[PDB]
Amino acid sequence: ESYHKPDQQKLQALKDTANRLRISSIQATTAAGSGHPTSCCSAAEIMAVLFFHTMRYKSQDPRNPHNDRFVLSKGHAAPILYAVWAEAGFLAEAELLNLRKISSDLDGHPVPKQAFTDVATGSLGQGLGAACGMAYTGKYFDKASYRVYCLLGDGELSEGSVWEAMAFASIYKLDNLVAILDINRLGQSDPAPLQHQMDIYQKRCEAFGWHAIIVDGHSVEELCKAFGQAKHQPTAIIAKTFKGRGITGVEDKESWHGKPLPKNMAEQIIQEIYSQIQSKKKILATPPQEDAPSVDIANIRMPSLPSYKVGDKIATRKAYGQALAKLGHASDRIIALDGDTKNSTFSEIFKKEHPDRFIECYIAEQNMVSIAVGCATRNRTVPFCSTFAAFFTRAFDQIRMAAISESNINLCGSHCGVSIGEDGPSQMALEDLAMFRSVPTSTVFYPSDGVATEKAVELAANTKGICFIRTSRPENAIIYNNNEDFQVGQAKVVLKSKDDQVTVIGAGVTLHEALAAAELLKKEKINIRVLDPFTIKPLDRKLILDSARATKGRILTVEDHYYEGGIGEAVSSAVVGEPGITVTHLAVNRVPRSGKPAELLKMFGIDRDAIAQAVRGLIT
């Protein structure tokens, strides 16, 4: 479609719109007694032009799959986002005044309970990565005409995650993506480092492969023109603005970030702004080309049962890659992402079979998670991210925000625990159960063999929320029949007898150590019950207690993880106060070191001999 070059009346209407957006942002934050009107006001012309000249969207259906996407990365400008959606006719204008109330959904930062919000962005520096996932999806998966626009602050640009996204967009030629940089000189507590050195921003953006245009961010004409040309590259509109623009005596001043105008001041400023508005008539939104495809919503099923053989040996990391590739044959919705670790996590198997649905994210875990979140928005794909579980700690804030975003993403972290051996603690995930259990929407799978791994992948694909699958580096025996039924929140008793003296709960490598301990103890005429949780969250409390009541109330948990936040603590919280129930823990008590896997399991007190000794001490 051609650019529609606006006339002076349209330009004036866009100015009027910007000023209405300023007034609303002030009114709402003054009413609330909190918020960030000066951060809204620097962005008012940008927002007016995007929503009422450049973008194409259905105003009454913000989630429509054909719409252009807008991501407010500087999420504390939420009041002006709400104001544009009232101006567009979706929100009632009276509701704006209920900003931040417990009776409203116009919360302090944007959240997906709002139809017009796809991702939550209040932790700065994350919106551009989500926008990259949306743009990648638009260009390569949906193959649709929608564009993606992301508004960032200048202080925000200090976050490394932004630059990971910058680099991703140029690697992947996201010529459907526009970043708008609100260069208002100031952050929260001081000027942003570069202030109004517009040329350095341009140099940085260009060095990272973007087409960079410096504009007057308070000129509706310059904005219309800059937004109105498509490029063959991701485009950065570097907008020189003033914080608090239009608020006389606050514009360009320190000490005003996140400070509402008092009521007396708001009334005076609003009258000033209102005196600049030429007409009350509002501009209408323009709708999109409806070329996004249908996506199916059905259950994704593996094409056959697992085909492992009991007693064969495979690492659960390898079983993950096999299972993910298998699942990719059943549905085109499955996509895989990895951070330069595909030959360690075995996501390379998916890449080999389904290359068009694999996204190489390079050594940039933060951005990888954000790409996945963006790809999952509007249910366009079902993503599986992978790296070493230890390196998901690099992305915890992205994961945390993914739950606030109500996102359905799947994460598989390999190389858990000391059982990796020789690389040492930098590579050892010992806190990943703690981290993922603390994520409110999470489901935590810890498969102990290849069969359980395949079933975990299938279940994860069909489970909402943040799904985490913990995989292991070393090879262990297949213990489950291929036709064993697995469910979220259902554990398995893998060894039992009528005279079991302890219930030993292990997972992954420690399950296999517990089975070996049972063989040791047999020599001594001591039987133990062995339980494999399958999911750590939710935990099968019923089977755990039923087991413990069969074994004189005694539970021993053994885990390749630190003591805090892992399996032992989950079990203890589940059962504390149950009469007759005792819980004893074996876990890793300190930062490990290099050695062979078996040597480290021994050193850190979580191998067969440590388990056997703990069982004997219980009994006596």
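Residue numbers here begin at 1 and follow the sequence given. Each form is matched to the other, and the largest set of C-alpha atoms that superpose within 1.5 Å is called the rigid core.
In 7 other deposited structures of this protein, superposed on the rigid core, the segment with the larger root-mean-square CA displacement between 223-231 and 511-519 is 223-231. The stretch 524-532 shows the higher mean C-alpha B-factor when 524-532 is compared against 444-452 in the entry.
Two stretches are in play, 32-40 and 583-591, and the higher mean C-alpha B-factor belongs to 583-591. The top Cα temperature factor in the record, among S123, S161, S419, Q501, falls on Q501. Take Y308, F392, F168, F384 and read off each C-alpha B-factor from the entry; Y308 has the highest.
Sorting the modelled residues of the chain by their CA temperature factor places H257 in the lowest third. Compared with the other modelled residues of the chain, the Cα B-factor recorded for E578 ranks in the highest third. Annotation for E564: CA B-factor lies in the middle third of the chain's modelled residues. Per-chain ranking of the deposited C-alpha B factor places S547 in the highest third.
In the deposited entry, the Cα temperature factor of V439 places it in the middle third of its chain's modelled residues.
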